[PDB]
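What follows is a single chain, given as structure tokens, in the form deposited in one PDB entry.
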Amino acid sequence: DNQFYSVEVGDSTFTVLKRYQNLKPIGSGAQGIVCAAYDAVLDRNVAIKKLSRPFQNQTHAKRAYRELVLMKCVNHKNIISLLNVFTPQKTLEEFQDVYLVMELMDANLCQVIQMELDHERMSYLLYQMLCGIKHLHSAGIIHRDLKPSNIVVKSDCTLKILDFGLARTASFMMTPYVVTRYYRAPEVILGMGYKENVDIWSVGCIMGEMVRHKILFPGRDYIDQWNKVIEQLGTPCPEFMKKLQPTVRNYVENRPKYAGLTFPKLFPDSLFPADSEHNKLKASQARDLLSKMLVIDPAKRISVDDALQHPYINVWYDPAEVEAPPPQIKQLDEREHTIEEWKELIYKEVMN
């Protein structure tokens, strides 16, 4: 009668509490493998993520720890919530793996992106991304890495963000897995200091992908990515370069120039539901919002608050969803530690 049992998924051994049944692999993420399971105590399905030796390096260890603390203390319909945490190992020395148990949704945004959504749905998804982001922002968490693979949806269009983004500071990782850059803001690509609206860029990139069914700026590296950006939106006016460091500013002011394209050209009428008057008016509103989110210079880019006040989005506005009490966060939450120290930190958190 041990409280745990073991089953194979690919080359993984999941060792989980006996309550969780019928493990099925649904994903091979970044820090871990993810499984769907039935939880016999709660009487519902759930997602279970195995973190392997998350203390292996500092990037894994910071993400895991940040994940743990933030997920324990954020409670919001639009950020995935933690049902349960555990390790099968019994002491600090045998300690190896962390399992997070979370509510199970039906799909991620990547699958949604390959379908044609009506405006009521697309706008609802977007409204919900903005709510979740606003909530993070109100606890001083700026995400910096929204991407459709860390967003998930249910069949009834409810949506939740999976992760809490980048760690403020940051670095190297021995991996076969390459990290996705396509939704990262100009200020992050050019390392120039960011604010809250850094997450609006990512949103606009996702909305733009939703409409076009094609990653907007699919670069192999940050160089390529910046080219794909200026090709379309055009070279940022002088005022924005003035804000860059002369070292990178040099590089930027030295690319081929682009007048760059107009929003009707970037996102043509054909891409939108536009047969009834409702839909023509919505399309117009959709394109208006994109043109304010996909703005290179964050001084000119729309904010989360304004984008929630936007016509396309405003319809769903609920002050319960939008002005929810901020999470209370641990303080040094951009800290440096040896691997032995990270193991301690994480273990203590898994055990409370």
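Numbering starts at 1 and follows the sequence shown. By rigid core we mean the largest C-alpha set that fits within 1.5 Å across both forms.
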Compare the other PDB entries of this protein and indicate whether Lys24 is left unmodelled in at least a third of them. no
Do a third or more of the other compared entries leave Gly193 out of the model? no
Answer with none, 1 to 3, 4 to 9, or 10 or more: how many deposited residues between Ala170 and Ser171 are not present in the coordinates. 1 to 3
Select one of none, 1 to 3, 4 to 9, or 10 or more to describe the deposited residues without coordinates separating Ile329 and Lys330. 1 to 3
The stretch carrying the higher mean Cα B factor in the deposited entry, 211-219 or 146-154, is 211-219
Take the C-alpha B-factors listed in the entry for 104-112 and for 258-266, compute each mean, and give the stretch with the larger one. 258-266
Entry record, C-alpha B-factors for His119, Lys242, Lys160, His135; the maximum is at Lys242
Per the entry's Cα B factor values, which of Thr247, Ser123, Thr87, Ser202 stands out as the maximum? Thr247
Select lowest, middle or highest to describe the third in which the CA B-factor of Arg19 falls within its chain in this entry. lowest
Tell me, lowest, middle or highest third: where does the Cα B factor of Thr235 rank within its chain? middle
Relative C-alpha B-factor of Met351, binned into the chain's lowest, middle or highest third: highest
So where's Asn78 on the chain's Cα temperature factor ranking, which third? lowest
For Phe272, does the deposited CA B-factor place it in the lowest, middle or highest third of the chain? highest
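Not on display, but discussed next: the form solved in complex with a partner chain.
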Any of the heavy atoms of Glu120 lying within 4.5 Å of the partner chain in the deposited complex? yes
Could you confirm whether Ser155 comes within 4.5 Å of the partner chain in the deposited complex, counting heavy atoms only? yes
4.5 Å heavy atom contact, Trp316 to the partner chain in the deposited complex: yes
Quick check on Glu231: any heavy atom within 4.5 Å of the partner chain in the deposited complex? no
Go through 175-183, 92-100, 156-164, 258-266 and give me the stretch that gets within 4.5 Å of the partner chain in the deposited complex, heavy atoms only. 156-164
Quick one: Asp106, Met115 and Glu321 and the partner chain in the deposited complex, is every residue within 4.5 Å by at least one heavy atom? yes
Looking at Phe272, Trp226, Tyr124, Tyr194, which is the one with a non-hydrogen atom within 4.5 Å of the partner chain in the deposited complex? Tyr124
C-alpha of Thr91 moved at least 2 Å between this form and the one not shown on rigid core: yes
Do you see a C-alpha shift of 2 Å or more at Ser303 between this form and the one not shown, with the core held fixed? no
Aligning on the rigid core, do we see the C-alpha of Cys110 shift 2 angstroms or more between this form and the one not shown? no
Can you confirm the direction of the Cα distance change for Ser149 and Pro176 in the deposited complex, closer or farther than in this form, given it is 3 Å or more? closer
A change of 3 Å or more separates this form from the other: in the deposited complex, the C-alpha atoms of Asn57 and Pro148 are farther
